[PDB]
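One chain is shown next in structure tokens, namely the form deposited in one PDB entry.
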């Protein structure tokens, strides 16, 4: 708005060229206007478990707090340990919805990229 968002390197972005990512992201957003296409990767330096899958298609009214719980169970992070999301190297508010987060932070390929970590700074 009206900025193009550029974030850190993701292995997804390295392995799928921009033109293919943008074609797919434009299609999924047209097909599902109220679902958010999210790429989730572990930050390189994080000392917690990896995810099986990295592509999530979620509700735009899902809260970030709800998405935290989802990722946490999927990496089997013990409840006592902290988990943090970074989008464009910023920690989003836990009260935001995935829809608001997408609107603010999506990249030019129409995807939203989230790195997760056990550290609260990066």
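So that the term is clear: the rigid core is the largest set of C-alpha atoms that superpose within 1.5 Å between two forms. Only residues modelled in both forms are compared. Numbering follows the first chain given and starts at 1.
Higher mean CA temperature factor, per the PDB entry, when comparing 59 to 67 with 78 to 86: 78 to 86.
Looking at mean Cα B-factors across 7 to 15 and 105 to 113, the upper value is held by 7 to 15. For residue 39, the recorded CA B-factor ranks within the lowest third of the chain. Only modelled residues enter the ranking.
In the deposited entry, the Cα temperature factor of residue 30 sits in the middle third of values across the chain's modelled residues. In the PDB entry, residue 72 places in the lowest third of its chain by CA B-factor.
Just so it is clear, the following notes concern the form deposited with a partner chain bound, a form of the same protein that is not shown.
Within this chain, residue 42 is remote from the site of its partner chain in the deposited complex, having no heavy atom within 4.5 Å.
Although the partner is absent here, residue 59 lies within 4.5 Å of its partner chain in the deposited complex, judged by heavy atoms. Using a 4.5 angstroms limit between non-hydrogen atoms, residue 24 touches its partner chain in the deposited complex.
Mapped along the sequence, displacements between this form and the one not shown of 2 angstroms or more at every C-alpha, sustained over at least 3 residues after core alignment, occur solely at 32 to 34.
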